[PDB]
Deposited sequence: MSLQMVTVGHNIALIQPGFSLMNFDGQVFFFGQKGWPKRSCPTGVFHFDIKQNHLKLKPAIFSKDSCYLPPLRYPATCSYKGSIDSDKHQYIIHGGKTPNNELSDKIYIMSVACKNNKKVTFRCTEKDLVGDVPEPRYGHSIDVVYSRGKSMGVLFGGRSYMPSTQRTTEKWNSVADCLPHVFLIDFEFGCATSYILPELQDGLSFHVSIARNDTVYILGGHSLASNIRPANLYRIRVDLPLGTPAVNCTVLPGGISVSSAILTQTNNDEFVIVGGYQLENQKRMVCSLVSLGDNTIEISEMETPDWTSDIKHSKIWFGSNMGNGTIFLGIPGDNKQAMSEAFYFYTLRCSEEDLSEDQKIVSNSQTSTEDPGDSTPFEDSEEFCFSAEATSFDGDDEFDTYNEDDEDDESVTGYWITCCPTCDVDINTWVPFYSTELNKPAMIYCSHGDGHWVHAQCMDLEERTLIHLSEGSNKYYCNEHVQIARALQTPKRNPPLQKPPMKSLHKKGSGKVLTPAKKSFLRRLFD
């Protein structure tokens, strides 16, 4: 694991905590800028290009059938297989949550120019409430695909919301939601094995299982070291969902997950306590039924990274993590973060 310093061009101000990175056929794209889209880039989706350890963000245009999405600040993102991306939830710049599913695909690709198609899909049934910090993955079973969505943060319900505590948040219920994208339907399931809500957790999608590890519960203000496995069976009848708690979990909130090789993943960074920052890395290997996590070598963090109070990042899809660190020099200066790239 190697750490390099990346210099960013003239649109640094467009990168804020909670951004999303997408990978399309080896091309990296950026979504979730700070502030509403400007005239230079109306879409808000940029082409995240790193070359000779320098980062450039050039605008990308949508198609005629597309819908222009707001910049979401903590959405739930998954890859669906042509290769498309599903983004649900999030927080708009006006600080109000979204309950819309957006699907991003590539319409036409030219020489170093890509046009996207963002289609809005409306859910019916027991639709999940608006939330941010949750997780969504895709499960394949018996030749059919479905989506698994877990809990996160949300504002208080409209019947118990007071202005003096307008921005207060509470963990959503630990219900598990199955989403059928082909018909746009959603069904909710209550699992007795899950009792406390979780936010800012990590989800790994095997063929027909979803592993939920890490998290933060606002009810008790703890970061449990619990690992859950959710299995979905999709017969001709109604779907069935089962949950099993497994030993060997880790306590981490807001970790960055990447896929190095087949049946292998790397969890880098996150938080252990409020003032303690998780400086160790974990390696997750999945088998047919059993998985095991372990501690890998700690990358040579620089002096600034160790002593930073906060840090945020995203995955670039090729065994590389793009992670920032505040510079605390926003007074009459243009550089507010000290982004780094980490190779596994």
{"item": "Chain regions without C-alpha coordinates, deposited sequence numbering", "value": "82-87, 351-527"}
